[PDB]
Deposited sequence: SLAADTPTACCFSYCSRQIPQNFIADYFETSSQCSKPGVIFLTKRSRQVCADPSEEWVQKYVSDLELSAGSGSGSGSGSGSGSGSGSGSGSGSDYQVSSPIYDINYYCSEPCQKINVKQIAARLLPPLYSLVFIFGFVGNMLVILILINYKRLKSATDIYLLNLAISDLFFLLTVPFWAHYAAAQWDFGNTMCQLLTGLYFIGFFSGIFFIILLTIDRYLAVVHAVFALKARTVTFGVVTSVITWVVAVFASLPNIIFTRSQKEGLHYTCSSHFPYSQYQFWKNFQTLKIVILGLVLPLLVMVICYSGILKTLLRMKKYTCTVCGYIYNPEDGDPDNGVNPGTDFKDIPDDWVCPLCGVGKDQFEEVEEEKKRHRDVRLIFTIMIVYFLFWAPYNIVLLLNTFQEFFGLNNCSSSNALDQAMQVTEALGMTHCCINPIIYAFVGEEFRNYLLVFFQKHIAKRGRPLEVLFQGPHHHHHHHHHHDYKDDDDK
């Protein structure tokens, strides 16, 4: 989704333009610093206007109900034209999106088919992997439209604008949520085996998938409500437009929705969960006395010659079960194995690679949030900033073709199911 503006307003008109000199108008993109109206005149030129004022609101009202030569430079301003931004987009991104659309679609249909036909959807983990691949496809469906939009202009109309925007973000938000669920799932399997026996069930997975999609809709509602297509001086766009009375509210809101859900939240999860997972994996192991039933606790004998900081492999062979009196020989490793712990390393790869490709975007959004602070709220800065945003978005969009390549890089069962058709 590009709200990349064709032009933005960093000033307005000083005095009311004569109504009859105005041909047409457009409302500027919410990607812009400031709420704005650009008026097109009965000369080719165009100028900036404040949507607050009754004259502007009345002019627009009249122009919507509808559908002499002056030098108005004395009191009006030309908008910031985003020539460089759009020219770079149209040149480079079409062949990339081609590329990732091809690899991505094939990739993610294969994963889906395999998860349903070979790995058979046995547990919640399989369910989330499946919903991840479906989120990735929903994002892919939209890519051919975006590439065209970049090369040319929006020509799919308003409904398509609203539904494609919907599918993009639903795909985005749900993709994030399922990577998070996959991480949390593996954390419970490894650490809190307590609750993991209820949580790992297929029914549990489906109930939490259904809720998750629904929340991904709620998350996406404002994006759909405020988005529409619009004629901007005989070029059509697909972008969002916020009410000028709540403009900053919405801008801040929607941007931080994305930073918080996309960067902050999953970073907390990842750190926490992989700190957790490492501690459990590195923990000293307990043992049980075969005849006795007594459990040796390697963190806990204050009565025997036993160092609380050491496990069973350091205790001399002379050691005898305190409860019953048999020697060390009669101890086994207390039957504890992480069979439940099926796919930890894969999820950690997927989680890391997600950051690799999407962090530059979330960072550039924070730069855009604090545009005002860095004095980036001017024409020349915003063109560099918008250009960074198109680049980092491009990177980000690439990631939807990568998941299914990881399933071969660090997976195993996804490789072996291909030897089926050679032998």
Parts of the chain sequence, as deposited, that carry no C-alpha coordinates in this structure: 1 to 2, 70 to 99, 333, 457 to 491
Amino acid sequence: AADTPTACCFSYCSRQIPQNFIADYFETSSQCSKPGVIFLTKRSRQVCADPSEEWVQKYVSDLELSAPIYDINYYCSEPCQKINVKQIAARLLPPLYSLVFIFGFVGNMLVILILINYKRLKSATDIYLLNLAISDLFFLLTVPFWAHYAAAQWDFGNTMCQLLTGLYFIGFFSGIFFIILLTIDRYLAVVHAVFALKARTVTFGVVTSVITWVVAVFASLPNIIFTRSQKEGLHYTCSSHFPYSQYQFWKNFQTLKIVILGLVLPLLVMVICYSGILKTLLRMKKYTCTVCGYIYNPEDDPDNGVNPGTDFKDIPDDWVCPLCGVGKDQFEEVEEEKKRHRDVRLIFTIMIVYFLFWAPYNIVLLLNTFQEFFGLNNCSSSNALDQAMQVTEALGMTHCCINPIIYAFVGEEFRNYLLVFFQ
From here on, numbers count along this sequence of modelled residues.
Of 186 to 194 and 302 to 310, the one with larger mean CA B-factor: 302 to 310
Mean C-alpha temperature factor, higher of 19 to 27 and 406 to 414: 406 to 414
Of the residues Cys324, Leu267, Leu221, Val210, the one carrying the largest Cα B-factor as recorded: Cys324
Deposited CA B-factor, highest of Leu278, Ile295, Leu132, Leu140: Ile295
Where the record places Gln162 (Cα B-factor, split into thirds across the chain): lowest
Within-chain third of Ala152 by Cα B-factor, per the entry: lowest
Record-listed C-alpha B factor of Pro144: chain third: lowest
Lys257 by Cα B-factor - lowest, middle or highest third of the modelled chain: lowest
Third of the chain's Cα B-factor distribution that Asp126 belongs to, per the entry: middle
